[PDB]
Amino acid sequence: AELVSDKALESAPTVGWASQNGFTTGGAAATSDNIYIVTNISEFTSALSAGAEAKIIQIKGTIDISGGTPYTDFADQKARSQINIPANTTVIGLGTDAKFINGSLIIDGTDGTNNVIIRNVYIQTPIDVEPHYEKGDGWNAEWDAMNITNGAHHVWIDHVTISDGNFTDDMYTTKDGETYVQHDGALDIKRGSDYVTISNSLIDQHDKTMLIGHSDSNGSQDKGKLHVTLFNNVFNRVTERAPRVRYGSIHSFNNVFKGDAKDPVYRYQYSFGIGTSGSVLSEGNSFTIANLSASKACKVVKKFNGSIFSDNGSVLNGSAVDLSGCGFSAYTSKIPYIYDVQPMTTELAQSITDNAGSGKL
């Protein structure tokens, strides 16, 4: 088919881990027969059957992963809603309304998947029709909006929006006296995945958001992996884990975090979660957290079992913040790529906010 997006052929920028030890070009080398315009789930799966062949899949409008058929139970949702994105694929949204609902985009490296670009699309977090119960933890949801797993590498997520959308957590019902949690994580990066760049994106209205490194006992696979760069993104109304990391090495700069410690639905807990053997280099970020005083500035970064965290030039509610006394050891690893941390001002924060997410490419 014809290429509608004049930015569809672009590869990841020189900045970011997705451009280290190889380039992330997605399906830029696709032949005309492998350039698609999909308008529904059937056409989407058809396009994806090209497998590891270079392909460009242009998304028009809303793609209902359920195909208009509600999931009857866990098994049904598991069998139909987890859409795998193969190697050398560029999924790019057309216009301002390219969207996915009722499902998860899975970048699974088991088959060797690598070199994937997901861009300019909105993904509404899926609703688990059959949460599982765990004594002492309550109800738990299984499905995320996007998952990068099993060694998948060289992935560029750009101008993507992930949000609970039309079903927010205040709408949860109660079952057996406990909140019937139907939302899982937003974006997961785990099991040896590596070389990822997340740019100009928006995560809006969600609880358990971005977990990088899913288990403390999975070091054999995650040690020295999970390098992720995040810049010019907006994390709005997100409860926790803007980036909670285990084993991975995170570079987060010029991102905008907006929340409220007293939000009625997505109460701000913290932004950076420093887990087992995890490391975060935070630079020139903007934290605007209502009901969070300067004296409690360390709340933006929470220690779990990790200890590596450094911040350079970030701000809290408009003023420079010092987080050097929050109890962490400095991030000493070198950043291999050249990058430019712009001084964070309210003007820059607004610019980033105005350009973040799908429909803004």
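We number the residues from 1 along the sequence you see.
Asker: Is it true that at least a third of the other compared entries have no coordinates for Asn236?
Answerer: Other entries vs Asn236: none skip it.
Asker: Is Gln221 left out in a third or more of the other entries?
Answerer: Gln221: unmodelled in at least a third of the other compared entries.
Asker: Tell me which stretch, 287-295 or 130-138, has the higher mean Cα B-factor listed in the entry.
Answerer: It is 130-138 that shows the higher mean C-alpha B-factor.
Asker: When the C-alpha temperature factors are averaged for each of 83-91 and 272-280, which stretch ends up with the higher value in the entry?
Answerer: In the deposited entry, the stretch with the higher C-alpha B-factor mean is 272-280.
Asker: Comparing recorded Cα B-factors across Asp108, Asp194, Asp170, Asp188, which one is largest?
Answerer: Of the candidates given, the C-alpha B-factor peaks at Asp170.
Asker: From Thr179, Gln182, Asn115, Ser249, pick the one with the largest CA B-factor in the entry?
Answerer: Result of the comparison over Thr179, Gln182, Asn115, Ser249: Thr179.
Asker: Considering only modelled residues of the same chain, in which third does the CA B-factor of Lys258 rank: lowest, middle or highest?
Answerer: According to the entry, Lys258 has a C-alpha B-factor in the chain's middle third.
Asker: Going by the CA temperature factor in the PDB record, which third of the chain does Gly26 belong to: lowest, middle or highest?
Answerer: Lowest third, going by the recorded CA B-factors of the chain.
Asker: Relative to the other modelled residues in the chain, which third contains the C-alpha temperature factor of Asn150: lowest, middle or highest?
Answerer: Middle third - that is where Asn150 ends up once the chain's C-alpha B-factors are sorted.
Asker: Please rank the C-alpha B-factors of the chain's modelled residues and tell me whether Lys223 sits in the lowest, middle or highest third.
Answerer: Its C-alpha B-factor, which the entry lists for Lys223, ranks in the highest third among residues of this chain.
Asker: Grab the CA temperature factor for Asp158 from the record and place it in the lowest, middle or highest third of its chain.
Answerer: Answer is lowest: the recorded C-alpha B-factor places it there.
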